[PDB]
């Protein structure tokens, strides 16, 4: 038996982030613009951001849609200032 | 003579007991027991093999204390092929690393592959991350997303990389760091008229035939840029687009070639997933008479040695815990016993993996043999083998009653 295929359960979803400059509430998906090379998806957690594989990003957006269909876009210069977790 | 072979004393000065194998050397009218063939040749001065003599004959002649160099080689067979190949292989376990030195041509069969072009691998050493490609190592910083992003890297992938051994780290030559190229006089005025803007800005000229041509306006003129390098410069925010200009005016403006772009690749890196390729090797290749050797990098699932030979790797004792000594040694086909290194120095490497220095003088050479020309080898590899005393006639002429004991030996397991 392997791990069960379920929607990733983000902890304490919806609350405010601890670190400054967070582009949105905890559990939102953020992506880099296409004009600066291959796009990298990421998830905003309480104390920073974590990288996401292209397939998992679609599941989180499809599941957490609630009417939304696209992620937040951030410039490479500002993204580099947020702490990695 | 065929039923029960035997022997008798003759003009030859190196003799051995027909039934006990002990080695003896004559000096005048007295026989001295010698520690090994190397010291026996060096003491008598004749390149020869021991002559078997009847054991009852040796008992009649007078004796003396032991002579020679302890631990010297005991079998000479000079080999020096036309092509010399050496490799230093690093292998990581699923913590800790092992260093293996290979002599002779490597085996490229299987999933093994040469690393070139867009292929690269990331490793950790001294607290820093290094990118390995086209035979060079370049430092990278995990926070500079402006570099990692167009290059196709990920900060997690850069920070979680596996360690690298000191042996391989010193062997690989360093290149310029993967950082945003700093431009001189950036933000200042141009030295030449007609410059479309301040120095450090990117200028582009579209064409009817072929892709767009990017350029950087330097204080003394423009220099052409590759697309991937322009995307790095396009990240600071900075300007949304470069200045668009006519081909003719740009062709009339002065051209410069002052900045160095040698390290940036043409396309996003194809990072090798180390979990499947845990073995990486640095390879040096040279042909006799060529002015320069070829340096390359190889990676794969196992050391570049055939599975049939894999069982004959030699495991050293490694009394030296520092990084200057290898853990394993292997001699493939067309290996070299007699070697010279870049004023030159001569070394003899034994089958057991020890190296001994040989004097350049005619006496030392003529006594051992070694008249043929030695093969070349790189010092960054050869130094990893353990070193013994030099084969100098000036020090083989000694007597001892007993020898000093070896501290810190290692266990022999049956």
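Protein chains in written order, with the authors' numbering: chain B4, 254 to 338; chain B3, 74 to 167, 175 to 316, 319 to 424, 433 to 504. The beta carbon of each residue, even a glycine, is placed where N, CA and C say it ideally should be.
Provide the residue(s) that pair with residue i in DSSP beta bridges, ordered along the chain.
| i | result |
| --- | --- |
| residue 284 (chain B4) | 294 (chain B4) and 326 (chain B4) |
| residue 243 (chain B3) | 204 (chain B3) |
| residue 381 (chain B3) | 193 (chain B3) and 362 (chain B3) |
| residue 413 (chain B3) | 183 (chain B3) |
| residue 477 (chain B3) | 445 (chain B3) |
| residue 352 (chain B3) | 199 (chain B3) |
| residue 178 (chain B3) | 164 (chain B3) |
| residue 212 (chain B3) | 201 (chain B3) and 217 (chain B3) |
| residue 489 (chain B3) | 140 (chain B3) |
| residue 466 (chain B3) | 422 (chain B3) |
| residue 367 (chain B3) | 158 (chain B3) and 376 (chain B3) |
| residue 301 (chain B3) | 298 (chain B3) |
| residue 125 (chain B3) | 89 (chain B3) |
| residue 397 (chain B3) | 410 (chain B3) |
Report the option in the options whose CA atom is closest to the CA atom of residue i.
| i | options | result |
| --- | --- | --- |
| residue 185 (chain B3) | 367 (chain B3), 145 (chain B3) and 466 (chain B3) | 367 (chain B3) |
| residue 410 (chain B3) | 388 (chain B3), 79 (chain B3), 313 (chain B3) and 180 (chain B3) | 180 (chain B3) |
| residue 321 (chain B4) | 275 (chain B4), 312 (chain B4), 293 (chain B4) and 254 (chain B4) | 312 (chain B4) |
| residue 484 (chain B3) | 490 (chain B3), 460 (chain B3), 454 (chain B3) and 492 (chain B3) | 454 (chain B3) |
| residue 479 (chain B3) | 415 (chain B3), 133 (chain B3), 145 (chain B3) and 90 (chain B3) | 145 (chain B3) |
| residue 382 (chain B3) | 188 (chain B3), 113 (chain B3) and 153 (chain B3) | 188 (chain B3) |
| residue 314 (chain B4) | 295 (chain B4), 299 (chain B4), 332 (chain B4) and 302 (chain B4) | 295 (chain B4) |
| residue 254 (chain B3) | 459 (chain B3), 413 (chain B3) and 212 (chain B3) | 212 (chain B3) |
| residue 408 (chain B3) | 199 (chain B3), 394 (chain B3) and 470 (chain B3) | 470 (chain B3) |
| residue 124 (chain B3) | 401 (chain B3), 218 (chain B3), 78 (chain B3) and 221 (chain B3) | 78 (chain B3) |
| residue 258 (chain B3) | 226 (chain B3), 481 (chain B3) and 464 (chain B3) | 226 (chain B3) |
| residue 245 (chain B3) | 373 (chain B3), 497 (chain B3), 100 (chain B3) and 361 (chain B3) | 361 (chain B3) |
| residue 284 (chain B3) | 330 (chain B3), 122 (chain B3), 103 (chain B3) and 167 (chain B3) | 330 (chain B3) |
| residue 302 (chain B3) | 309 (chain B3), 292 (chain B3) and 279 (chain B3) | 279 (chain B3) |
| residue 378 (chain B3) | 488 (chain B3), 307 (chain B3), 217 (chain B3) and 466 (chain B3) | 217 (chain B3) |
| residue 422 (chain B3) | 153 (chain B3), 214 (chain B3) and 127 (chain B3) | 153 (chain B3) |
| residue 338 (chain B3) | 350 (chain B3), 299 (chain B3) and 358 (chain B3) | 299 (chain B3) |
| residue 307 (chain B3) | 388 (chain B3), 176 (chain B3), 349 (chain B3) and 437 (chain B3) | 349 (chain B3) |
| residue 401 (chain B3) | 458 (chain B3), 457 (chain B3) and 477 (chain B3) | 477 (chain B3) |
| residue 364 (chain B3) | 385 (chain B3), 370 (chain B3) and 374 (chain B3) | 385 (chain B3) |
| residue 131 (chain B3) | 157 (chain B3), 93 (chain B3) and 175 (chain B3) | 93 (chain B3) |
| residue 380 (chain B3) | 196 (chain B3), 282 (chain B3) and 100 (chain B3) | 196 (chain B3) |
| residue 324 (chain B4) | 335 (chain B4), 334 (chain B4) and 293 (chain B4) | 293 (chain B4) |
Terminal residues of the continuous beta strand (DSSP E) containing residue i?
| i | result |
| --- | --- |
| residue 266 (chain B4) | Note, residue 266 (chain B4): premise wrong, no beta strand (DSSP E); not H, not E. |
| residue 106 (chain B3) | 103 to 106 |
| residue 96 (chain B3) | 96 to 100 |
| residue 165 (chain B3) | 156 to 165 |
| residue 435 (chain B3) | 435 to 439 |
For a contact defined as C-beta to C-beta under 9 Å, what are the partners of residue i on chain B3?
| i | result |
| --- | --- |
| residue 204 (chain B4) | The structure shown does not extend to residue 204 (chain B4), since chain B4 is modelled only from 254 through 338, so no value can be given for it. |
Check for me: the alpha helix (DSSP H) holding residue i runs from which residue to which?
| i | result |
| --- | --- |
| residue 218 (chain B3) | Looking at the DSSP string, residue 218 (chain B3) is not in any alpha helix (DSSP H); the run it does join, the beta strand (DSSP E), is 216 to 220. |
| residue 456 (chain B3) | 452 to 458 |
| residue 309 (chain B3) | 307 to 313 |
| residue 90 (chain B3) | Residue 90 (chain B3) -> not in any alpha helix (DSSP H); beta strand (DSSP E) instead, spanning 87 to 90. |
| residue 115 (chain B3) | 110 to 117 |
| residue 128 (chain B3) | 128 to 131 |
| residue 227 (chain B3) | 225 to 231 |
Assign residue i to one of two classes, buried (16 or more other C-beta atoms within 10 Å of its C-beta) or exposed (fewer than that).
| i | result |
| --- | --- |
| residue 210 (chain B3) | buried |
| residue 446 (chain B3) | buried |
| residue 417 (chain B3) | buried |
| residue 288 (chain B4) | exposed |
| residue 87 (chain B3) | buried |
| residue 392 (chain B3) | exposed |
| residue 230 (chain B3) | buried |
| residue 76 (chain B3) | exposed |
| residue 163 (chain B3) | buried |
| residue 194 (chain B3) | exposed |
| residue 110 (chain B3) | buried |
| residue 239 (chain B3) | exposed |
| residue 263 (chain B3) | buried |
| residue 74 (chain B3) | exposed |
| residue 462 (chain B3) | exposed |
| residue 468 (chain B3) | buried |
| residue 398 (chain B3) | buried |
Name the chain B3 residues that come within less than 7 Å of residue i, Cβ to Cβ?
| i | result |
| --- | --- |
| residue 329 (chain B4) | 225, 226, 229 and 315 |
| residue 285 (chain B4) | 229 |
Identify the contact partners of residue i in chain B4, using a Cβ-Cβ distance below 7 Å as the criterion.
| i | result |
| --- | --- |
| residue 311 (chain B3) | 289 and 290 |
| residue 319 (chain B3) | 328 and 330 |
List the residues of chain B4 that residue i touches, going by C-beta distances under 9 Å, in chain order.
| i | result |
| --- | --- |
| residue 235 (chain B3) | 304 and 337 |
Taking C-beta pairs closer than 8 Å, name the residues in chain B3 that residue i reaches, listed in chain order.
| i | result |
| --- | --- |
| residue 333 (chain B4) | 223, 224, 225 and 226 |
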